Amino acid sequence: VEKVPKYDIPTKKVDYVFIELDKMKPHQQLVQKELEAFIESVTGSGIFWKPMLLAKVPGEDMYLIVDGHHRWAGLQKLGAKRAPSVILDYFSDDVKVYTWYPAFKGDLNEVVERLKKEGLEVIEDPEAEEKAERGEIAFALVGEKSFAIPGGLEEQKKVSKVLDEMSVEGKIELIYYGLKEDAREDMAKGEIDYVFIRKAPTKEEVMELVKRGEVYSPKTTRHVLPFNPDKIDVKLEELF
């Protein structure tokens, strides 16, 4: 579940170009339910109406997937070869990269234990949020108390993996907030107990990870773009 600000992003009529799926590089792990929903939808209508948003990888014959991970993965699993795509000026100041703020209503002790079980530390620390925003720890975990979760990407992946696991199990309610202060607003309402805060990746870091053949956890990047492409008229049969 997502709570984003009411982003007035304009729709613009940008044309698409077919790009081969094997030239597209993901920067996040897939979410299997999102993959499956895309597959049901596209095969249901046989129309692919939402172009991929791509960025050329400097120095390679390859494109970063900016938006479209499950479209990409779902088309590949169906046997398709290409997708209609819009190529972005990614390094333009008009494109911004934020993150998501996983927030939870639930009990901190089950969550702290099942983080500790996957190898993480969870250390009470009043500077945790400050450290996380400078990118010095994996996450700050902030509610009634404040906890530092040390590490880097490996530990961020475990946190995401645990928060999704105990969703799958059913012990927690979980909103990904676009803004941490909207999670802190709702925190004060009683609807949210804890929020996980990490530093957002930069563009250069996103490219760097992709060039290393690595990926972030789901819900790591939150791109704010200068436009949403207008919808397109492409038949699924055209993609094979």
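When you see a residue number, it is the position in the sequence shown, counting from 1.
Between 52 to 60 and 182 to 190, the higher mean Cα B-factor belongs to 182 to 190. Comparing 162 to 170 with 67 to 75, the higher mean C-alpha B-factor in the PDB entry belongs to 162 to 170. Note on the listed residues 87, 120, 137, 80: the highest Cα temperature factor in the record is that of 120. The entry assigns its greatest Cα B factor, within the set 132, 95, 153, 111, to 111.
Residue-level temperature factors show residue 42 in the lowest third of its chain, judged at the C-alpha atom.
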